[PDB]
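Report on the following structure.
Every number in this text was worked out from the coordinates using simple rules, so none of it is lab data. Virtual Cβ from ideal backbone geometry, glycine too; neighbours counted across all protein chains shown.
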Amino acid sequence: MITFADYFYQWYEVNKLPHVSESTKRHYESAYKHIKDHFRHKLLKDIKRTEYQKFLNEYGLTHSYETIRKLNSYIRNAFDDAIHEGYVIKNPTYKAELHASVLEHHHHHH
């Protein structure tokens with residue numbers, strides 16, 4: 001059983017790679033770096049939505065909205081592909097909060 005980190009890279013290289021460019025690679029690979037950071041020996045089918053949320057919060061501190069948004073769609077498709085193939089069963093995308101806290105806009109006025 002493959003981990004979420006290694007699966008993400010594998011899924012990418014096998015599926016999205018021939019359709020994308022190196023400019024796209026660095027997006028996926030940077031995402032993969034944050035993924036492998038948190039989900040090291042974490043199996044693809046064991047991801048809880050609570051920790052997935054925590055992953056996004058941290059990612060939204062280091063990257064812009066467009067970066068975290070596309071990340072979400074990659075992960076969503078990663079589970080969508082895996083579930084299609086009958087490999088994964090838990091999709092933690094329920095709490096896929098795209099909170100780019102770099103630009104978390106509220107009203108800080110007094």
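Annotations for the structure displayed:
- Unit charges on C-beta of K, R, D, E only; dipole of region 4-88, Debye: 220 debye
- Principal-axis tilt of helix 65-84 within the chain, Cα atoms, nearest 10 degrees: 30 degrees
- Shape class of region 1-102 from the Cα gyration tensor (axes a ≥ b ≥ c, square roots of the eigenvalues): oblate, since a/c reaches 1.5 or more and a/b does not exceed b/c.
- Degrees, to the nearest 10: 49-62 long Cα axis against longest axis of the chain: 60 degrees
- Taking 13 Å as the straight-line reach from the Cα of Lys54, the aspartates and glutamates in range (excluding those fewer than 8 positions away in the same chain) are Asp37, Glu97.
- For the chain, relative contact order (Cα pairs under 8 Å, six or more residues apart, normalised by length) works out to 33 percent.
- Projecting the Cα atoms of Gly60, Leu43, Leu17 onto the charge dipole of the chain, computed from C-beta unit charges around the Cα centre, puts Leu43 farthest toward the positive end.
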